[PDB]
Amino acid sequence: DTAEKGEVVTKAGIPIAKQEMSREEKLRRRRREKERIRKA
Amino acid sequence: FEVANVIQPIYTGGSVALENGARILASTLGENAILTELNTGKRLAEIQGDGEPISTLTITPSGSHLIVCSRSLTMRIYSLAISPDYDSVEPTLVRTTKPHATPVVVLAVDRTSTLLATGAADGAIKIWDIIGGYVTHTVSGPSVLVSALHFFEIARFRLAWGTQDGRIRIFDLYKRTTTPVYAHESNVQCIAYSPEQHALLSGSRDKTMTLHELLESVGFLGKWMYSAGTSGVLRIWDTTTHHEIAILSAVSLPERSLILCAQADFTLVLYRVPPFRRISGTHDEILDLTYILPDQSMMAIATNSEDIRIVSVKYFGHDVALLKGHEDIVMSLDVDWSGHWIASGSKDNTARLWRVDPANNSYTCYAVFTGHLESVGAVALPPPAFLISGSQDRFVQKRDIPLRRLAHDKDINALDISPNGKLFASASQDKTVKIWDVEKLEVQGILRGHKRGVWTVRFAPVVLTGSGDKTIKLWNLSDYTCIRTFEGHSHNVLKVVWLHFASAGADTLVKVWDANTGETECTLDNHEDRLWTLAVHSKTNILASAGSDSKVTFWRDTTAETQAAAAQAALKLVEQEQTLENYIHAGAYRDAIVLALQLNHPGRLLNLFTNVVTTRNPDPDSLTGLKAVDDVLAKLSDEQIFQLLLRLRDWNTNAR
Amino acid sequence: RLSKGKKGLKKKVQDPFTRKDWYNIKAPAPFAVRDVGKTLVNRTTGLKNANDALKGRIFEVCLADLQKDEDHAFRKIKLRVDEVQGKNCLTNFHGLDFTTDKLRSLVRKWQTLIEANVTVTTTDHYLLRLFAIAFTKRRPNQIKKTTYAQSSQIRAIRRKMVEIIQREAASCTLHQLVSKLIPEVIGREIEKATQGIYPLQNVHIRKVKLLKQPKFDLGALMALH
Amino acid sequence: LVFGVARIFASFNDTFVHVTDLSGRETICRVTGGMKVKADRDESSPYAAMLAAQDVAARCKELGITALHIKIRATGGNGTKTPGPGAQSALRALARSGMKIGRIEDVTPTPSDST
Amino acid sequence: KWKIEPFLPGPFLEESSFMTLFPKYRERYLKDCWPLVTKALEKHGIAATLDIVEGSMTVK
RNA sequence: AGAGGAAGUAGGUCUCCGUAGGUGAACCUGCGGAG
RNA sequence: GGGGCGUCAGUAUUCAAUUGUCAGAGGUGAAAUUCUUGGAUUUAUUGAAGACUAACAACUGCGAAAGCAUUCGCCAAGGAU
């Protein structure tokens, strides 16, 4: 809620941008968010 | 879409004032007060004022003060600061006082910059210092409405006032005694004085001046009297024998020898003393725009001023000419697609066809059409081929240049031709659109209906109907059904123009979109209250929007330019992202860190910083291990320092 | 803020107060003050000179500002104007009207009003109608609540009312008739002469209407002013 | 003090602030109630009457009469014989912005027998 | 748009006055309910008199 | 224009004085000066 | 303020005309239909038509009943004393 527009923040509290993030890490972050959504 | 440029009101209703520097000019629009240079025409400044309409303003011969008084009883003085460049000025307030119990209607400022006199509606008339708020002496008290004043000296100063009845009274400021002259029958409009001749001229509404048709402004130069009244003509008279040699106001510069005419068409005419240029004050309510020439340098606008004005688009404010053939109100307007023929429909029952001669000052109305008994509402054009005229009544007509029919029940609205001239459709208030054969008297069919009442049709070089509800439809020739329907407006639409589509509203917004998609592309929000008509540049995509408000806004397309900018931006982005990956792979941590701070994405910047603080072979004097990274951290800019700090708090959160 | 109109209806606005001039109004003879106001009329030229409109108009003005006495806050008079001078507007009597506030302020319950109308002609051949109203007097030292006159008594009162107003308005000219209308001599004499039939609380003349004036004579019309 | 006669037609649907000379013939300046309010619901409102009275008093003080005799009326034939809110609010705003008031009278058309 | 403000603060040249007439059975009740009426009309600034002899209420 | 197939991306106070006007002795406002 | 016939008025409404108009007016809880720069609604003055007789007007009057309220004239009739 207090991050920048282009960037995301991880669970570690570190800003990483969606542009510099690769395709494999994008897929893995989508899978982890979908795993949390399935848990809830 | 960006605003290419606007044309704006300069004058509406109130009093105009000229400084002895004939560059600057202060005029009124509504409640506001706007001052502009005359020669370059750009907007110097605009003071807002209070909510009530402004009554009277003046500027001193030295353009140092601007004194405004509204219809609410108030008076504000503004000091002005002019640079060597006359392009822009800043007005700042000095004094706000309430002069009398009634709002003042007349003001007069002396040739020197030290006294201004003001005259009210009850008759209480006073004199004030301009540099500081005084009443240096009150002169009459409230008797009858003061309609004129004049400051003069005899070669200490004296001031003359002319009342609402014919009473001219002169007093010395030092003697402080008023003496009338004989007194006069009706409303004296203005008083002027010649110091070369020791002579007072009084011009009045009973068509007389004392040492016609009407009188509004008289004055000297110079030995040549002048007069302006309801006749519309300025007349020049000799001083010594009475043989010679509407208008709301006229002032006398003559050291610069220009006389300004404030015509009650709300126009400003510059006359030379032995039509230099004219500037239209307000295009009051614009009924139709049509963008005319072969090269399209000169748009013809049409409004309530009982005539048409041709003003240039390629100084940008100068009107080339004025063309008057109609009698009542010019209502609609249409040009041939092959150049030189413009045609005008009117509240007068006559319609007409004018030539446009571009490389001359010649403009003629040489084709006229009697037609039917009601107002010719709209004109359409396929020497031109012929003319199709519509009507306030149901009588639609078609006539050739060197036939009638019944179409609808109510007043019809708009008319448009195809570029090949085989089809023709008409639109009206009884929710029908009618296409018919244009050569014979035959009918090709009928559009089924647009819910309330259809306002504008358009042909695609596919027919477009804009209606009285908040919808707009696209119909065909083949089935006579709507192909497309669109919503999204908040009032009437009143004009649909083809691109190279766009639609104005009556909800002051003009919006563009495309037909095969069918969803809204962009919306445009410049204007004041209303919007009426749209013209288009025929070569490129430039939209000219005008309405009941007097401003006309010119928009140009920028989509190709911003697409080229986004394309080259993505080119530069992929190039510098690859050189960042190259510097990371090569181990050039310095230029890698510079390029990462430029590319603003930090997940790689953190890895570069962990590497440079653990390089395993650090320089002993260096702060972060590398002298080059020390150099860039020393030579960082302010925005890069602040963005680095905004990343440093996020890296400082993590204990790793 | 947003307009509402149809296509091409707002004409260019012209100033209507260039063509207007003021004209002071003088009242006729029997009123106390003469300057009563000022009228904004159109500017004279060919094709309807403004003196025709000034001959046409009438004014309605109260009697308090005429007599300078606020006893007559009611009884609004009407002034025709038939003559014009230089910056001047000479007037004549046309009618005399109450205010409807006093017409409500006079009617009470349990008492009778008697109304009477006459069409009388003065010696200057002006026909005019006089409408008189007369409310019944509640006698002091009485106990009964209703002061009702009988119907035959009302008819006798109305007969004496029309006899008085005819006999005391047929003999004088219009200027003497207005000079008798101003301090209400007629209502006083009706009150004095009807009290042998049934006493009347207040007799007023509520309307005077001038129907026809067959003469335009500047001699008598200026002998007024 | 030049007395102009202000006809205030206060109905329930719209209020008419109208200013004439002493004759009744020559209209000086009128501002209706609905031309100052965007809503036909709130066309007859004290705010509408206040705006209309302020505009009328501003125009008549630009002309310099500064004194009015006020005649208030309503729909009186088969109507209500009572003025709406426009009368009270227009007279309040009219004398609150200058305008020494002279004589007030409520001249409603009262039928002797209508239907 | 509909709310009306109380008047915060000589607006009369001719001293206006109105009258109405009442009968006797109302004269009793008006005579012993009048001080409330003239109290509130004095708070509004208008003098209110009652006349039991003629039977007339006047405001001025 | 078409159902499918396969794929990718997501800043002048106070006081005084001289003025000019206001409703006048005084007093108020505005200005120009001195403490 | 019982009935018939005539007559006299009074406003108000509608319609029309003459001016001043100059943007809405009208309805509604909101709206809409409608009338609206050839000028609606409004302001003033006249003219015509049809209707009805405010306030007075009631723990009343008259008529057998329904009913009957502008003034004046005529015509018979009726009640009580």
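At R0 = 22 Å, how high is the FRET efficiency between residue E:13 and residue B:178 if r is their beta carbon distance? Nearest 0.05 is fine.
Numbers: r = 29 Å, r/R0 = 1.32.
For residue E:13 and residue B:178, the calculated efficiency is 0.15.
Quick check on packing: order C:2-15, E:14-27, B:65-78 by the mean number of other C-beta atoms within 10 Å, highest mean leading.
Numbers: C:2-15: 12.5, E:14-27: 14.8, B:65-78: 22.2.
Those peptides, ordered most packed to least, come out B:65-78, E:14-27, C:2-15.
Let me know the mean shielding of A:7-19 by other chains, meaning the per-residue number of their Cβ atoms within 10 Å of its Cβ. Before the final figure, lay out each step's value.
On the way: counts 6, 1, 2, 2, 0, 4, 7, 9, 9, 5, 7, 2, 6.
Rounded to a whole number, the mean comes out at 5.
Could you run the Debye sum over the Cα atoms of chain E, one equal point scatterer each and no solvent, and tell me log10 of I(q)/I(0) at q = 0.12, 0.21, 0.26, 0.28 Å⁻¹, two decimals?
Debye curve over Cα of chain E, log10 I(q)/I(0) at q = 0.12, 0.21, 0.26, 0.28 Å⁻¹: -0.41, -0.88, -1.11, -1.20.
With no solvent and one point per C-alpha, what does the Debye sum give as log10 I(q)/I(0) for segment B:246-318 at q = 0.19 Å⁻¹?
At q = 0.19 Å⁻¹ the computed log10 ratios are -0.86.
With just the Cα atoms defining each centre, how far is segment B:597-627 from segment C:93-154? Give it in Å.
113 Å
According to the Cα gyration tensor, what semi-axes, each the square root of 5 times an eigenvalue, does the equivalent ellipsoid of segment B:420-547 have, listed from largest to smallest in whole Å? Write down the numbers at each step before the final one.
On the way: eigenvalues 120, 52, 38 Å².
Semi-axes from the Cα gyration tensor: 24, 16, 14 Å.
For residue B:366, put the label point 7 Å out on the Cα→Cβ axis and report which residues of segment B:288-327 keep their amide N under 19 Å from it.
Output list for this probe position: B:293-294, B:322-326.
Using Cα pairs under 8 angstrom and six or more residues apart, how large is the relative contact order of chain D, in percent?
Numbers: 266 pairs, mean separation 35.3, N = 115.
Relative contact order comes out at 31 percent.
For every helix of n ≥ 4 consecutive DSSP H residues, a contribution of -39,500 (n - 2.57) applies; sum these over chain C, divide by its total residues, and give [θ] at 222 nm rounded to the nearest 500 deg cm²/dmol.
Counting only the DSSP helices, I get -7000 deg cm²/dmol.
Set the Förster distance to 22 Å, then compute FRET efficiency between residue B:97 and residue B:48 from the Cβ-Cβ distance, nearest 0.05. Walk me through the numbers before you get to the answer.
Working: r = 18 Å, r/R0 = 0.84.
Once rounded, the FRET efficiency stands at 0.75.
Let me have the 222 nm mean residue ellipticity of chain B computed from DSSP H runs of 4+ only, each contributing -39500 (n - 2.57), with the sum over all residues rounded to the nearest 500.
After summing the helix terms and dividing by the residues of chain B, the value is -3500 deg cm²/dmol.
Taking the alpha-carbon centroid of each part, what is the distance from segment B:255-287 to segment E:19-46 in angstrom?
Taking the Cα centre of each part, segment B:255-287 and segment E:19-46 sit 68 Å apart.
Considering only DSSP states other than H, G, I, E and B, which trypsin sites (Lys or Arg not before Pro) in segment D:32-87 qualify as loop sites with at most 15 other Cβ atoms within 10 Å? Numbers along the way, then the final one.
On the way: sites: D:36, D:38, D:41, D:59, D:61, D:71, D:73, D:81; in loops: D:36, D:38, D:41, D:81.
Those satisfying the criteria are D:38, D:41, D:81.
Could you work out the helix-only [θ] at 222 nm for chain D, with each DSSP H run of four or more residues adding -39,500 (n - 2.57) and the total divided by the number of residues, to the nearest 500 deg cm²/dmol? All intermediate terms of the calculation are to be shown ahead of the outcome.
Working: 2 runs with 30 residues, N = 115.
Roughly -8500 deg cm²/dmol at 222 nm, from the helical runs in chain D.
When only Cα pairs under 8 Å and 6 or more residues apart are kept, what is the percent relative contact order across segment C:75-197?
Details: 138 pairs, mean separation 24.8, N = 123.
Value for segment C:75-197: 20 percent.
Just need the relative contact order of segment B:27-75 here, percent rounded to a whole number, with Cα pairs under 8 Å and 6+ apart. Mind dumping the intermediate values first?
Working: 73 pairs, mean separation 14.1, N = 49.
So the answer I get is 29 percent.
Run the quick spin-label model on residue B:251 and residue B:617: label points 7 Å from Cα toward the beta carbon, then report their separation in nm to one decimal.
Reported label-point gap for residue B:251 and residue B:617 is 8.2 nm.
To the nearest 0.05, what FRET efficiency results for residue C:176 and residue B:244 with a Förster distance of 56 Å applied to their C-beta separation? Can you show the working numbers first?
Details: r = 60 Å, r/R0 = 1.07.
Working from the Cβ atoms, E equals 0.40.
Give the residues of segment B:6-49 whose amide nitrogen is closer than 16 Å to a point set 7 Å from the Cα of residue B:85 in the direction of its Cβ.
B:37, B:40-45, by backbone N distance to the label point.
When ranked by the protection proxy of mean other Cβ atoms within 10 Å per residue, highest first, what sequence do the peptides B:363-369, B:588-594 form?
Values: B:363-369: 15.4, B:588-594: 19.4.
Top to bottom by mean Cβ count within 10 Å: B:588-594, B:363-369.
Could you check the spin-label model distance between residue C:87 and residue B:62? Points 7 Å from the Cα along Cα→Cβ, value in nm.
Label-label distance for residue C:87 and residue B:62, simple model: 4.0 nm.
Show me the ranking of peptides C:69-76, B:620-627, B:421-428 by mean Cβ neighbours inside 10 Å, starting with the highest.
Numbers: C:69-76: 17.6, B:620-627: 13.5, B:421-428: 21.0.
The peptides rank, most packed first, as B:421-428, C:69-76, B:620-627.
In Å and whole numbers, how far do the C-alpha atoms of segment B:328-473 stretch along each principal axis, longest first?
47, 32, 32
Just the Kirkwood number for chain B, please: inverse of mean 1/r across all distinct Cα pairs, in Å, one decimal. Don't jump to the answer; show the numbers that get you there.
Numbers: mean 1/r = 0.0333 Å⁻¹.
Radius from the Kirkwood sum: 30.0 Å.
When the Cα atoms of segment C:117-163 are enclosed in a convex hull and the volume is divided per residue, what value in Å³ results?
Working: hull volume 4.2 nm³, N = 47.
Output value, Cα hull per residue: 89 Å³.
At 7 Å along the Cα-to-beta-carbon direction for both residue B:318 and residue E:49, put a label point, then send me their distance in nm to one decimal.
Using points 7 Å along Cα→Cβ, the separation is 8.0 nm.
Would you mind telling me the antiparallel percentage of the DSSP bridges in the protein assembly as shown, rounded to 5? Don't skip to the answer; put the middle values down first.
Numbers: 229 of 248 bridges.
In the protein assembly as shown, approximately 90 percent of DSSP beta bridges are antiparallel ones.
Please work out the Cα center distance from segment C:50-84 to segment B:207-244, rounded to the nearest Å.
42 Å
For the protein assembly as shown, divide the Cα radius of gyration by the Kirkwood radius and give the resulting Rg/Rh value with two decimals.
On the way: Rg = 39.9 Å, Rh = 36.8 Å.
The Rg/Rh ratio comes out at 1.09.
Every residue, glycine as well, gets a Cβ built from its backbone with ideal geometry; the counts of neighbours run over all protein chains shown. Every number here is computed from the coordinates shown, using simple stated rules; none is lab data.
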